[PDB]
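Novice: Pasting a structure here, questions to come.
Reconstructed Cβ throughout: ideal geometry from the backbone, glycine too, with neighbour counts over all protein chains shown. Read-outs throughout are calculated quantities, based only on the coordinates presented, and are distinct from any laboratory measurement.
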Amino acid sequence: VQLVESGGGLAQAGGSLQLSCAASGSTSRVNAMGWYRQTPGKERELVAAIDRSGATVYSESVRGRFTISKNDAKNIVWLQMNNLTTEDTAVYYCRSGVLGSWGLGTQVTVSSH
């Protein structure tokens, strides 16, 4: 199992960022994939998850603004972070349903106007 996150950046409130998660190696079609995020002092929290059928779940903080999707060809899970708010500033991590190791994640900062 190997998780590789790509993307990130400094965004403005109302802007957009696209993160990707690659699950090379093991059976990348056995369980779900999820995006998590963590802020200083706080606990890591689920953002969104997708299963092999394409079904999705979202945290209420991001429902309607973020979209999770999968490219079964390239074996990539995307987090489409739209309508960004300062609340979205965090390190973002992707994880499969078989738990295990965390990747290094990638950092997102959202600045107010």
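Novice: Could you run the Debye sum over the Cα atoms of the chain, one equal point scatterer each and no solvent, and tell me log10 of I(q)/I(0) at q = 0.17, 0.21 Å⁻¹, two decimals?
Specialist: For the chain at q = 0.17, 0.21 Å⁻¹, log10 I(q)/I(0) is -0.75, -1.14.
Novice: Please compute the length gained on full extension between residue 72 and residue 86, using 0.36 nm multiplied by the number of residues separating them and subtracting their Cα-Cα distance.
Specialist: Fully extending the segment from residue 72 to residue 86 adds 1.9 nm.
Novice: Shifting gears a bit: Using Cα pairs closer than 8 Å and at least 6 residues apart in sequence, work out the relative contact order for the range 4-111, in percent.
Specialist: Answer for the range 4-111 is 36 percent.
Novice: Hey, another quick one. Filter the trypsin sites (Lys or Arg not before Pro) in the range 31-113 down to the DSSP loop ones having no more than 13 other Cβ atoms within 10 Å, then list what survives.
Specialist: 42, 74
Novice: Then there's this: Would you mind counting up the charge near residue 28? Only other residues with Cβ under 12 Å from its Cβ, with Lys and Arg at +1 and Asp and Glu at -1.
Specialist: Result for the neighbourhood of residue 28: +3.
Novice: How big is the charge dipole of the chain about its Cα centre, in debye rounded to the nearest 20, if each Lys and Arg gets +1 on its Cβ and each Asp and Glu gets -1 on its Cβ?
Specialist: It comes to approximately 220 debye.
Novice: What list of ³J(HN,Hα) couplings, whole Hz, do you get for the range 93-101 from phi and the Karplus terms 6.51, -1.76, 1.60, once you set θ to phi - 60° and write x for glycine and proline?
Specialist: My calculation for the range 93-101 gives 10, 10, 8, 8, x, 8, 6, x, 6 Hz in order.
Novice: With a point put 7 Å past each Cα toward its Cβ, work out how far residue 18 is from residue 99 in nm, to one decimal.
Specialist: Each label point lies 7 Å from its Cα, and together they span 3.4 nm.
Novice: Sticking with this structure for a sec: Under a crude label model (7 Å from the Cα following the beta-carbon direction), how far is residue 65 from residue 45 in nanometres?
Specialist: Going by the 7 Å Cα→Cβ label model, 1.1 nm.
Novice: Can you give the extra length, in nm with one decimal, that the chain gains between residue 107 and residue 1 once fully stretched, where that is 0.36 nm per residue apart less the Cα-Cα distance?
Specialist: Once the chain is fully extended between residue 107 and residue 1, it gains 36.0 nm.
Novice: Let me ask something else. Which GluC sites (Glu not before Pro) in the range 23-113 pass both tests, a DSSP loop state and at most 10 other beta-carbon atoms within 10 Å?
Specialist: Passing sites in the range 23-113 are 43, 60.
Novice: With both partners inside the chain, how many of the DSSP beta bridges are antiparallel, as a percent to the nearest 5?
Specialist: If we restrict to bridges inside the chain, about 85 percent are antiparallel.
Novice: Then there is this: At 7 Å along the Cα-to-beta-carbon direction for both residue 55 and residue 30, put a label point, then send me their distance in nm to one decimal.
Specialist: With each label point 7 Å from Cα toward Cβ, the separation is 2.0 nm.
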